[PDB]
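Notes to accompany the following structure.
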Number of protein chains: 2
Amino acid sequence: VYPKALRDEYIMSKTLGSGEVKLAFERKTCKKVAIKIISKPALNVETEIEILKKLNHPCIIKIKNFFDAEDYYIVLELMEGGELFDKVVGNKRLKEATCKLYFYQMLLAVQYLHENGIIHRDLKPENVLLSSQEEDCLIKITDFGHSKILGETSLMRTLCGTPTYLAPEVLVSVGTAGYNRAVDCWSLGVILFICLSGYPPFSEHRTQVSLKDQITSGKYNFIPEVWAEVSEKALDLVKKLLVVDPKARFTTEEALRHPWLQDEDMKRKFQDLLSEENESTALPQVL
Amino acid sequence: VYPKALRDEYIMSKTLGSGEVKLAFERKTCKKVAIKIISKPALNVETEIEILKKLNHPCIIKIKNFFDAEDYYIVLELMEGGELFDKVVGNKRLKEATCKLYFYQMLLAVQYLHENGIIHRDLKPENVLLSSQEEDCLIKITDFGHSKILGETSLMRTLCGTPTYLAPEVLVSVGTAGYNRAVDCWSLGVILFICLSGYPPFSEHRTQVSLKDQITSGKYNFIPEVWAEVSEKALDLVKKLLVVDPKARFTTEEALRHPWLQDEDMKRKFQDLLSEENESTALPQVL
Ligand SMILES: Oc1ccc(-c2ccn[nH]2)cc1-c1nc(N[C@H]2CCNC2)c2ccccc2n1
Ligand SMILES: Oc1ccc(-c2ccn[nH]2)cc1-c1nc(N[C@H]2CCNC2)c2ccccc2n1
């Protein structure tokens, strides 16, 4: 059975995705919510919760309530459209302009995370949710269990004294330090590739090259027939995200200023979707 | 003034070293103790405390009591002999056999830390204490503020899925992962060098080469005149600890099985010092 405190406030309903996620209705409002159930662990949950509570962005999922019981119960706003994954499996093809709308929201979200010292670390189609079944909708990033919070490094502190006793490898690590966030940009790269093309850039399907070797070499599977129907600006951005060198890799800022996203129509549709979401919540304002 | 709870149990006394460390007497026993005062921070203290409470080794400092107040008060067993630092400053020279006795205890201590998933990260003469003013005494490692606890890596967890979305640099980091403890072995290397020779291997004294460059290149300042009076087994062990490559660097096990420490006299003197320390604490045993 469900905890009594949960039951007090919500009627539980069907399962939505896989911990697990159920549909529920909040008694007070009769409105639909999502409830994420994480079995008993605590670190991932405590951080996701601490993160989502402090974060505030249209393309980051918001937490509504939390229950610490025989299991963990996280109450989130519901995403009716489901996983981006479902839109790209079975070589299903997202039309390029839809890719742009989605990816643009993904970039803003991840930019926001990074501005705020958060690295997601597990970005993939499964963790990107669509706000409705419309093809033009808002997307929100979820599943912050694996994320990491940047902070005043032990490295920084170490650099404040004299390295009389300090090992060589620590000093060498200084060259590459502070680029952990770049792992999110690689992931977005892969996600964008998949969205545009309907297939994964790195894969074991019909290769003798190991997955590991394709990834470290940076050599994605380029299928001209499929990519031919895709713009050259799009593929160019993909190429700047799939850069092996983390220091050379495009950041979110560079991605956002890339020509492929200089698209005033797209930004309009997004702004449209925004105020539309917010219509029901808007208080009157001093004019 | 000192907190009332501290005062209740101890009479505070003179300062010993620099947070700060004072001499004190425990009222119950009239015995001397050391009290480490750390101003207000909490992470270093909570970890040192959590570490020292769970650790149990003749060459690791033991905690006696703790006070969480306007400041942090840690009550440790007193080390009458002071810092190893004082024995090596002003080009003062430790006689080789004393070096061996001390370093051997240092190796056991740090081996113990490593067996137990602890990395010290701040080993230097200042953090090595002598148990008495005798030249043949026990040493104990202190100052565990900067230490790190090894645990089930986020890296390990990441390796359990498919890296479809996983950045190249994470995969590359696998080659070198799990050798963080080697930074302690470098430090011991430097400490041993200084003990044997009376001077630092890496230094800005009379060089145009940057400190950073000497360390990453591995090129210590070798002064034959000073080292001539030093055994060749000793210098050999030093050389195996000052290895730039962390994977090639001697571990504590390798250091302990190095010929320079195959010295039955030395181990005897150490065992002697042990049972001697413990004489006052020994309960009778079933024979
Ligand atoms: O509607 C939601 C609201 C919030 C969250 C969420 C926030 C933080 N973690 N999960 C998830 C859902 C959510 N999650 C789903 N599947 C998972 C698989 C792992 N990635 C998402 C899902 C799947 C199908 C339909 C609706 C869904 N709604
Ligand atoms: O007698 C002690 C017992 C325990 C500890 C300790 C344990 C954990 N942190 N510090 C230190 C002392 C201790 N510490 C000293 N100086 C510091 C400078 C930083 N490194 C040690 C010291 C210096 C002179 C004479 C006695 C001393 N006793």
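All chain A residue numbers match Swiss-Prot; in order, they span 211-228, 232-253, 266-512.
We read in the header that X-ray crystallography, 2.5 Å was used to get this structure.
The backbone N, Cα and C atoms fix where each Cβ goes, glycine too.
The region 'T-loop/activation segment' annotation in Swiss-Prot falls on one of the ranges A:341-367, A:368-394, A:449-475, namely A:368-394. Across the break of 3 residues that separates A:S228 from A:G232, the C-alpha atoms are 6 angstrom from each other. In three-state terms derived from DSSP, A:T387 (phosphothreonine) belongs to neither a helical nor a strand segment and is classed as coil. In sequence order, A:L391, A:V395 constitute the residues six or more apart from A:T383 (phosphothreonine) in its chain with CB-CB distances below 8 Å. Taking the C-alpha positions, the distance from A:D347 (active site, proton acceptor) to A:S379 (phosphoserine) comes to 24 Å.
Long-range contacts of the region 'T-loop/activation segment' (A:368-394) within the same chain: residues 269-270, 272-273, 276-277, 338, 342-347, 351-352, 402-403, 405-406, each at least 6 residues beyond the stretch ends and with a Cβ under 8 Å from a Cβ of the stretch. In the three-state DSSP reading, A:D347 (active site, proton acceptor) counts as coil. Flanking an unmodelled stretch of 12 residues, A:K253 and A:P266 have Cα atoms 6 Å from one another. Rounded to the nearest whole angstrom, the C-alpha distance between A:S456 (phosphoserine) and A:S379 (phosphoserine) is 45.
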